[PDB]
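**Student:** Note that the numbering used here has the sequence shown beginning at 4, numbered continuously upward.
C-beta: ideal position from N, C-alpha, C; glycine also.
Quick one: the structure is below, and I'll ask about it shortly.
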Amino acid sequence: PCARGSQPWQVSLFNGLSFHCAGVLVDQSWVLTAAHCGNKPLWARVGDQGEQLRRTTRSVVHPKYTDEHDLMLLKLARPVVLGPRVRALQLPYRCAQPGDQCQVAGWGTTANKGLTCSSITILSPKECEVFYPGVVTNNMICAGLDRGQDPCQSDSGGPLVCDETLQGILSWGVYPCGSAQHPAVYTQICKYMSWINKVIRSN
Numbered sequence: 004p005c006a007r008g009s010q011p012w013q014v015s016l017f018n019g020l021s022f023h024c025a026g027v028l029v030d031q032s033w034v035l036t037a038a039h040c041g042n043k044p045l046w047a048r049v050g051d052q053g054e055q056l057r058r059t060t061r062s063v064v065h066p067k068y069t070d071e072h073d074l075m076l077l078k079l080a081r082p083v084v085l086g087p088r089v090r091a092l093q094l095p096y097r098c099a100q101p102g103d104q105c106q107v108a109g110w111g112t113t114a115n116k117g118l119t120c121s122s123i124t125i126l127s128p129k130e131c132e133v134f135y136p137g138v139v140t141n142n143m144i145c146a147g148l149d150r151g152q153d154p155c156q157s158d159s160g161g162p163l164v165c166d167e168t169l170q171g172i173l174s175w176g177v178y179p180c181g182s183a184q185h186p187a188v189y190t191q192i193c194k195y196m197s198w199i200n201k202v203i204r205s206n
C-alpha cells in the first residue's frame, strides 16, 4: 500500500535513538503530534542516512492538556527544504462529516520498512460511545477501519487525512491488535485551528 511519493508530510519522532511517535508536517518549521508523545526531547525525521533529520526546539503542548486535548506542536530546529519528497500537509478549513472516506498511513509500530495505507470511515461520535461508554466525544473523530485490517499497523500521533486535508491526530483506541471492530480515537483538528495557526505565528 501507500504509493511512493505519497505522504510527503509524514514525520517519525524519535526519543534518543528509539522510535517514539509519528507526526504531521503543518509548516516548514512545524510538526504536529499528540501531547501524550512528548516526554522530551524528540527529534524529527521527515518525508517519504535519511531524507532530512531535524532536532526539535519548542514543544508546545495544548494548554488544556483519558487524554482530553491530545495535541502538541514541535518546532524544528531548522526549516525543512520544501519539495516533492517533503512538504507540509494542508490544514483543515472545514470539519470532516461522519461517513467520509479518509486515510491513515502507518509503519507498523506496535509490533524494507514501508508505509502502508488503509481506508478509514468517520463514524459518528455516538457510535464511538458503544465501544467506549463514557468517552466524551468532545472534539474528536472515531475512525472505522475496514474489516480484516489490523489497527496496530498505525502509529501514535500519525495523521488521518481526508480529502487531501488533515482531519486528525491519532490519540488512542489502537489496542487491542488483531481486530478492526473497535474504532480508533483521533483528535479533531478542525476544532484546534485557532491554537495551531497562532502557535505557528501564522496567527
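For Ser-174, does the count of other Cβ atoms within 10 angstroms reach 16, so buried, or fall short, so exposed?
**Tutor:** The residue is buried, with at least 16 neighbouring Cβ atoms inside 10 Å.
**Student:** Output needed for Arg-48: all residues of its chain with C-beta closer than 6 Å, excluding positions within five of it in sequence on either side, in chain order.
**Tutor:** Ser-15, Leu-56
**Student:** Leaving aside the five residues before and after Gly-147 along the sequence, list all residues of the same chain whose C-beta is less than 7 Å from its C-beta, in chain order.
**Tutor:** Result list for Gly-147: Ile-123, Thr-124, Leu-126, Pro-186, in chain order.
**Student:** Would you mind reading off the limits of the beta strand (DSSP E) that contains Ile-199?
**Tutor:** No beta strand (DSSP E) contains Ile-199, which is instead part of the alpha helix (DSSP H) from 196-202.
**Student:** Measuring straight from C-alpha to C-alpha, what distance separates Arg-90 and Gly-102?
**Tutor:** 28 Å
**Student:** Roughly how many angstroms separate the alpha carbons of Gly-151 and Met-143, rounded to a whole number?
**Tutor:** 24 Å
**Student:** From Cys-98 to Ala-80, what distance separates their C-alpha atoms?
**Tutor:** 31 Å
**Student:** Let me know the secondary structure DSSP gives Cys-193 once reduced to three states.
**Tutor:** helix
**Student:** Which residue wins for smallest C-alpha separation from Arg-7, given the options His-23, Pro-87, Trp-46?
**Tutor:** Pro-87
**Student:** Leaving out five residues on either side along the sequence, give the residues of the same chain with a beta carbon under 8 Å from the beta carbon of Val-138.
**Tutor:** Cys-131, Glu-132, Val-188
**Student:** For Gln-106 versus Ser-121, is the C-beta distance shorter than 8 Å?
**Tutor:** Judged by their CB atoms, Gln-106 and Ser-121 are nearer to each other than the 8 Å cut-off.
**Student:** Pull the bridge partners of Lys-67 from the DSSP assignment, please.
**Tutor:** Partner(s): none; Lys-67 has no beta bridge.
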